[PDB]
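Sequence lines, in order, name chains UK, TK, TJ, UJ and 4D. Read left to right, the first sequence gives residues 1 to 37, 45 to 440 (the deposited numbering). Read left to right, the second sequence gives residues 1 to 37, 46 to 440 (the deposited numbering). Read left to right, the third sequence gives residues 1 to 428 (the deposited numbering). Read left to right, the fourth sequence gives residues 1 to 428 (the deposited numbering). Read left to right, the fifth sequence gives residues 12 to 127 (the deposited numbering). Think of the CB as a built atom: it goes at the ideal place given N, C-alpha and C, for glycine as much as any other residue.
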Amino acid sequence: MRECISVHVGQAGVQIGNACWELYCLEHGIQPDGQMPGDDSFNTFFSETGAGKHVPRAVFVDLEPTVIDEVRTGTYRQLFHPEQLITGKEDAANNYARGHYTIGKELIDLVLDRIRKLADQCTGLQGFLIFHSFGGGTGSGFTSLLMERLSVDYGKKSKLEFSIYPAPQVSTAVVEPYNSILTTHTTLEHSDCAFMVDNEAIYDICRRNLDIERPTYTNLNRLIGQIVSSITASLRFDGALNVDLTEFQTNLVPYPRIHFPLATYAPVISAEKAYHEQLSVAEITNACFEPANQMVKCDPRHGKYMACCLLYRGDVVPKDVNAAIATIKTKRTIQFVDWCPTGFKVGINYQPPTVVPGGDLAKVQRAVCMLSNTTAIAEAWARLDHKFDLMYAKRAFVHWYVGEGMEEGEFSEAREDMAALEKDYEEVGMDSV
Amino acid sequence: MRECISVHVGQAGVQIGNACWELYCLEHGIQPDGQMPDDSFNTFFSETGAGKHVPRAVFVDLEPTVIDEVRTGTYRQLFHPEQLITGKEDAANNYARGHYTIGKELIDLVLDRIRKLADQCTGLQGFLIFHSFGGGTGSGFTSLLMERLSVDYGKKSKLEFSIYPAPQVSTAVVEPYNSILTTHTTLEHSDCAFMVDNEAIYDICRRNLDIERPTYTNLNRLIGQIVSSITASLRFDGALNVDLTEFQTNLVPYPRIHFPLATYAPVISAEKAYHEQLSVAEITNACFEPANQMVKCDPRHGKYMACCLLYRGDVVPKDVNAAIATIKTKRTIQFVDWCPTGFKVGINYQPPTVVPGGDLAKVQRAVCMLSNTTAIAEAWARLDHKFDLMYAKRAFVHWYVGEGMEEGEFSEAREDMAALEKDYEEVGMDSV
Amino acid sequence: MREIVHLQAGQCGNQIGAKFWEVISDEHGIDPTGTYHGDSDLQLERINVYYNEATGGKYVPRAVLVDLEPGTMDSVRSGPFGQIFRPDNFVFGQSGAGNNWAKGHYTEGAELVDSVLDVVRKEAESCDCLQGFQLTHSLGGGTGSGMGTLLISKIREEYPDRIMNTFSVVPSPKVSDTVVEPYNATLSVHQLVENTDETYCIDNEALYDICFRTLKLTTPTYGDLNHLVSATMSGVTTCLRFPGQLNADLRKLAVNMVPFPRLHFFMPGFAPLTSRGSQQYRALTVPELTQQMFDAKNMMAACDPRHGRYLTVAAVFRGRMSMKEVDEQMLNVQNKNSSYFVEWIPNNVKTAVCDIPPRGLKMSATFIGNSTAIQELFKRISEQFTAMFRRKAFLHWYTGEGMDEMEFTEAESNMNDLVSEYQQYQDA
Amino acid sequence: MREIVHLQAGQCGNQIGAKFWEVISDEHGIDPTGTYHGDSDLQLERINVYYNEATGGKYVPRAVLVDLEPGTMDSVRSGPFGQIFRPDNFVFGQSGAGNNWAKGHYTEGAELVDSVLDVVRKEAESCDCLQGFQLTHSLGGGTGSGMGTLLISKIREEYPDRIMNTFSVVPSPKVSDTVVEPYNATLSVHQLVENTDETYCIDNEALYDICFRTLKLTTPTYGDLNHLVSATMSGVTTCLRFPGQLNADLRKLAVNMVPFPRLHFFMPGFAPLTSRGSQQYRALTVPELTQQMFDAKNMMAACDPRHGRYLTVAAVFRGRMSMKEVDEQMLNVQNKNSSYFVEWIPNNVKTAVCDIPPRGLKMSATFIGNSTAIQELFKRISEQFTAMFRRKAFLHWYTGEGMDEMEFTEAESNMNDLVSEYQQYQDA
Amino acid sequence: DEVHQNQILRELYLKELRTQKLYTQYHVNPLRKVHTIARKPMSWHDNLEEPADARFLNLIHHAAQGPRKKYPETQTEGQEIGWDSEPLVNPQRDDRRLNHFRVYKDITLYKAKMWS
Ligand SMILES: Nc1nc2c(ncn2[C@@H]2O[C@H](COP(=O)(O)OP(=O)(O)OP(=O)(O)O)[C@@H](O)[C@H]2O)c(=O)[nH]1
Ligand SMILES: Nc1nc2c(ncn2[C@@H]2O[C@H](COP(=O)(O)OP(=O)(O)OP(=O)(O)O)[C@@H](O)[C@H]2O)c(=O)[nH]1
Ligand SMILES: Nc1nc2c(ncn2[C@@H]2O[C@H](COP(=O)(O)OP(=O)(O)O)[C@@H](O)[C@H]2O)c(=O)[nH]1
Ligand SMILES: Nc1nc2c(ncn2[C@@H]2O[C@H](COP(=O)(O)OP(=O)(O)O)[C@@H](O)[C@H]2O)c(=O)[nH]1
Ligand SMILES: [Mg+2]
Ligand SMILES: [Mg+2]
């Protein structure tokens, strides 16, 4: 009944969903081991075993044994069924070839088997939430091995995807443009929706709105935790118009290949600001389309706004939305698309945005996850492609990528298929006449 | 619903606001933090939940100091971070750095916070700006601000209240320079710009209220009561009311002579009022008293294009009309020939307030006396020649021309303010 | 966050700036090492300008001590407040200068130049807003003259939008404890004037002459002179450490003051310099501190204000006061004396008041003026120069070094152009 | 789990590794006996990386102590942390190699290599999933360059899938205490380009600079130098043992760090080095740590990076820090010095964070770089070799044990092939 | 000059240790953000019982309080305004006989929702 498996793969995705599974333990009464001292609601994320223990549905993978081990030597060891927490034996070493053709062709079986077990324990499987990277070896190569093998098995069932994309210039890897382009060669054809974020824009988002300077990767992950808790808000606690995983996969994706939406959170706020600001439905809706709150660090002013979906959480009076979402259309600075006049989707849950203790997101009574399929991401792809042309022209960082079981010709294939995505995203920039 | 986004650019604005917002709070009832221990507040305040009655003023300056004093005062809770906007290094008395350099790295932000505060409002009716006319912040920045406002707020009021580069007392040497360039800009925008030079107020404080210590605090408080009165009809209610728009098309004569002169009526102190009256007339007569004027310019050397009286208190309309008559039966008081009528007068019962500490004692009545005198030419002429004398020997000009403004700008302004004088006597010429 | 970097440059600074870093310490509330014994929150609210927060409080200053001789900073270190400075900004070369500008700007300069600009570069990078590089040399000596002008000329080639406030002792007639003293001004003023913004000038003579009327102290060491010159430089930069009701930073006290890009030699002063038998019999208000600020007796530079014409004056006040009382006092000075103010600048003042007052003083004020009578000083060193250049005086140390004579001809020429430019605007 | 087989080779290598097991045993909480007595439990969760398991709950090091000269192994077992090593791992012969590459490679050294393979193969095949063999060797002689590269070319064919960390002491430029020093290096780089994957090369000379001047030790003994090089050995394998945020191991620090296969000669550097007088004023925070990394005065190789461009840079940080400040500030040190970095690789950094700080330090970060400036170390050895080989000098020791001049010629030819390789991808 | 360069640094470093007074007190500014770094949610490295400072709560709260309570005087401009913010006498802000406030009536309550 309304269930989904969350495969948190890669060293990025395990710590992305590190605070997500903490956050689902705050919404439901799940304790740090799993007990309540309720109802149907704890079904999409946690299971139920016997006594009253709620085993989650997570397939935490890291091909190196360093970070998952702290999940299984930490203060939530009892919570996760220890089969779920799966490590490897040695890393992927920022190598698409290592994470996909050698180290990983070993962890593949056990990982796939775990999903068969977590799926045959469900009756309402509606989608696969996979959280990975695009730059690291596990988050580019091993998640590609999952995405391709998930298709011959379970199949056309939705495969929603959250990942931290290569930031424009502010980057913590070197060879990361090599891994990202090869990922898209094996993620365009399989991932139904591939909801995007990077690291950069969130630092700014908790630099001006939250005045918490010098943010770390745990602040940077809890905000993604509130993103996924409002996207999966309707496979849970009830309310007004409710959106399942299939909704986003017909209303946020124009054409087959063009399936890279952009996710923003509206109520990015601290304790002192929220005391001095009544976040009504009006301004919470406008703040989404402001071009510094996009979590991708692009200029949406440059691009079209093809497909858009606005989620809601809390005291959201229906009327307010229609009015608010209309103001957004009238404004000509919010530039739109005439090959789809409609453009917009609404969804309202009644569960208020939960607040994680030891956090900085103040308790707010309303929230928006503004999922936008804009084409301003083609500019981010264009800066990720010339970032690769001036390296492959003189064959830098190739010797690790080829000795490890990957044909040299895949660099050309990934290159020319990625330039197709640029042309496809420009064919959907031309006004129809 | 009949609201006014306040804006305070420069030390002058922020500080006078610190004395203008104390008034707003005390008057309505809000305690000094934003916690009411009525719907008037809905015009100068936004009740964000519980009782946090948040204000509405984008305080802006290109140096910390001043803004920080409020961000850590007996009112630090009465606002928001993005409303007490601060800046890096000052423009240092250079219209250039405030309109061509430093300021340009702060304008986009200040503009956005006004947009936000505009979206919230149901019906905007005046962006009351507060500049100082003579610095880089309260003149150069105010230029870019008022300018941009006339590209988004388009046809909307922007009544301003600045400190005129006073004749004698002048704590600045590039003081004349900024004024001319600024006036040039604040002419194709400002719907009406009241001015109150420090000199006169420093003086009216010497006798009326007998304060023998005029400081930059007691002065700003009286400037506050002016704005209080101007916007009391769009706050409380009594009899004939005057919305901001009416001020303009009932005072501003032609599309440029928008520079009134205001003088609070009962500026008496405390013990003195135990030996005085407040006759509805007496105050109106004493309003025209040559000295009581709060801008350096005896109106004798000129006429009264269009006065606009704003009252407050137990003012029986009967006595009001009797007063405006017994002062028209006086030759000295002289109006222009192209306009008989007299003055657009209004009454708001809500009696005046009493910020604890200020001299201005409780007075049953109060007649703010705004007036478009045709004599301001006197003051204007002074600055034009002050600028002239200096621009002649290219004095203190290298620093401006090395921070953006071209030499051409100084000239354009010189002739613009000269043309101004011509369109200030031509309108006085007894229509023949 | 608008910050100042201090730029010590020799004996006539090391011991003057030592008192500087002692006056600001005793006012911002610090102690020998760093422990804040202060008594107010406002006292600490702007320390980011001068000091840098070290590990666990206990601040550390933005100074770099630059000298060729080793023993001139050992006096600084062994002093009562010498531990404060970073022990790695005590940058020093080895051989002495011997008061030679060539041996301080050309030969043994360059060794202690790329090392000095490294510390200046690092200390400038750790800054939020940078609008000051305040330096303390003396013209008259050779280290401060040689290092100063050379150190000035490369910050301007690296960081050219900054207020270069360079306090300096000038060569002056009645006390003259160096004999190549005329040589080390004209080469110095040549480089000083065209690369600086603010050059508050003192001489020992008037500063000594302040002692033997005003304070009527029986015997001075140089230490009291340092306290009397460091009190000005605290007052000039009080709008940047303390708030008030009219604020004015260093760019405010130059662009509103200096008329043309040469006329930046200003003139310091301290108002309540009242003695030991007359403090009891004198009041404290702006009028009484108008006699003791506008008098030549508390002037410091060299000259007499009633020998030229004031071109632009300011006075940064400090304390709890009213202010018709600043402005009428200012207005009456300007109207009762309208013979010594340039008539082509109608208003001649820029007062600025900072409520936070000096320690142990109801109210204080710092007077700064651009008097034309700086001409009394600059012509006097030139006539002492012309008695040297003609007969090939103490110059073979200069020429044998590598200095050509033409650069000595450039020294009187630019100053003779300068002294003409300072009397031209007097006539107008 | 993921372990390292440590490989003290050569006279020098025993002394660096002895200090390596002095700092690791403190980081891992190990006694000079092997009995764990520490505060946290993090220093047991990956104890198996360096230290093995024995009965009695005692941790024995995975260290293979090899040297032809017996005067070192008695010394490392007569020191502070000496009774930890497994006693048969000491694989001494009894003959001095006489700083002769021929003796240690093609002669008597070959007697010992088959015994030291047996010790390694015991400790390598008795372990879960090996990553490689960190080596501290001594390119100035015969127990180093000789026994080293022969061991290194006799591990890369039995286990040809593993990291080959080769921390090397290359000949320092002016610092020289071997007369046949340039022969031993130039004959060994050939056997150190085609086997090793990460050759972090040090000189003594810069370690004498960072100790005597930067860290300011009065009498720099040689043992003070070995603590500095232990930092860059401990800090390069520290995400691999101690947990935290974004990690980095040897293969991570190879793939983003080796542009082309013969481009692995890196250059180390620590970061939070202070002095006694400048420990307590310097504020330990992420800003100050980034600059000393790239500064040439704290750099364990005889080259300012000014004459060249970094092909790639890594930084493996260590401490409780944020992560905006980690890479935004080094983006600043990536774009402010655009000529100092390559343009054919746009971003040049791998970062890492370990939560656990060092012993007595709030943060640290060892810095490794593939600069173009490695070529000068490799230019000067070639220049030193040509003056040597031009008239067949010092060759009757290097030819009486099996070595022909035909092999000598090959050594130089591939030696100056590398300086071309670090010049083809220079400015260009 | 290298043999000389060692001893000129030897002499300087010896005077550094003869005259050096150590740090003694941890001061901490209450009026500057110390910029705390967040904790990993699932971690026994970070989620332990480390005690907090009792005084730093007092110094922050004293930094918060009010200028009316911090200083028994009127230091700096801006503190004298709002210094005595109480009404002189109780205003009786409830009677229409002397106070003439507004109330928006039922349409004017609602009508603002049409334009908003
Ligand atoms: N926000 C956030 N980003 C992360 C986190 N962990 C990793 N990343 C991102 O991931 C990129 C590289 O880390 P990973 O992809 O996780 O490394 P990996 O997948 O293990 O690759 P290998 O180590 O080679 O196996 C960096 O650019 C980070 O921005 C995290 O916990 N939070
Ligand atoms: N009423 C009032 N007037 C002020 C105040 N501060 C300055 N003034 C007047 O404004 C004139 C010029 O303004 P400034 O003092 O330069 O302050 P500003 O307008 O913000 O300009 P900047 O210094 O560049 O920031 C001065 O000559 C003062 O007479 C104040 O706080 N209150
Ligand atoms: N005010 C003041 N003057 C000083 C001090 N030390 C030296 N002087 C003056 O400097 C002049 C000599 O300069 P000199 O020491 O040769 O300068 P140097 O070349 O930089 O060392 C004398 O006339 C002194 O009056 C001091 O601590 N304070
Ligand atoms: N690594 C290390 N270096 C040393 C030691 N003693 C000297 N050195 C340096 O190593 C170089 C000489 O190497 P050498 O000891 O002859 O290497 P060997 O062939 O193994 O004996 C010189 O430049 C010394 O500075 C030592 O104990 N450890
Ligand atoms: Mg990993
Ligand atoms: Mg100002």
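Chain UK has a Cβ within less than 8 Å of the Cβ of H88 (chain TK). Between the stretch 367–378 of chain TJ and the stretch 268–287 of chain TJ there are three or more inter-stretch CB-CB distances shorter than 8 Å, so the stretches are counted as touching. In this structure, the CA atom of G146 (chain TK) is about 25 Å from the CA atom of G319 (chain TJ).
When Cβ pairs closer than 8 Å are counted between the two stretches, the stretch 154–170 of chain TK is seen to touch the stretch 132–140 of chain TK, the count reaching three or more.
Its Cα nearest to that of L361 (chain TJ), the residue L284 (chain TJ) stands out among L284 (chain TJ), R306 (chain TJ) and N226 (chain TJ). Along the stretch 218–291 of chain TK, the alpha helix (DSSP H) occurs as fully enclosed runs of 4 or more residues at 226–238 and 252–259, listed in sequence order. The Cβ of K362 (chain UJ) sits no closer than 8 Å to any Cβ of chain UK.
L157 (chain TK) is not a Cβ neighbour of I110 (chain TK), given a cutoff of 8 Å.
With fewer than 16 other Cβ atoms from the protein chains shown falling within 10 Å of its own Cβ, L42 (chain 4D) counts as exposed. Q176 (chain TK) and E386 (chain TK) have their C-alpha atoms roughly 13 Å apart.
In the DSSP secondary-structure assignment, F317 (chain TJ) is bridged to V353 (chain TJ) and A365 (chain TJ). Interface annotation, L119 (chain UK): not in contact with chain UJ, CB-CB separation never under 8 Å.
For the pair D327 (chain UJ) and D39 (chain TJ), the Cα-to-Cα distance works out to about 40 Å. Sequence-distant Cβ neighbours of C295 (chain TK) in its own chain, meaning closer than 7 Å and more than five residues away, are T271, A273, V375 and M377.
The beta carbons of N332 (chain UJ) and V181 (chain UK) sit no closer together than 8 Å. Rounded to whole angstroms, the gap between the alpha carbons of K96 (chain TK) and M313 (chain UK) is 40 Å. Contact check for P287 (chain UJ) and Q334 (chain UJ): beta-carbon distance about 15 Å, past the 8 Å limit, so the pair fails to qualify. Per DSSP, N18 (chain UK) is one residue of the alpha helix (DSSP H) stretching across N18 to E27.
For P325 (chain TK), the enclosing alpha helix (DSSP H) stretches over residues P325 to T334. Closer than 8 Å to the CB of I71 (chain 4D) there is not a single CB belonging to chain TK. Among the residues facing chain 4D, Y83 (chain UK) is included, as its CB has a counterpart in that chain under 8 Å away.
Between the C-alpha atoms of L215 (chain UJ) and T274 (chain UJ) there is a straight-line separation of about 5 Å. Residue pairing of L189 (chain TK) in beta bridges, as defined by DSSP: absent, with no partner found. A residue is listed when its beta-carbon falls short of 5 Å from at least one non-hydrogen atom of ligand 5; in chain order these are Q11 (chain UK) and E71 (chain UK).
At least 8 Å separates the beta-carbon of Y262 (chain TK) from that of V371 (chain TK).
Contiguous beta strand (DSSP E) elements confined to the stretch 117–186 of chain TJ occur at 135–138 and 166–169, taking only those with 3 or more residues.
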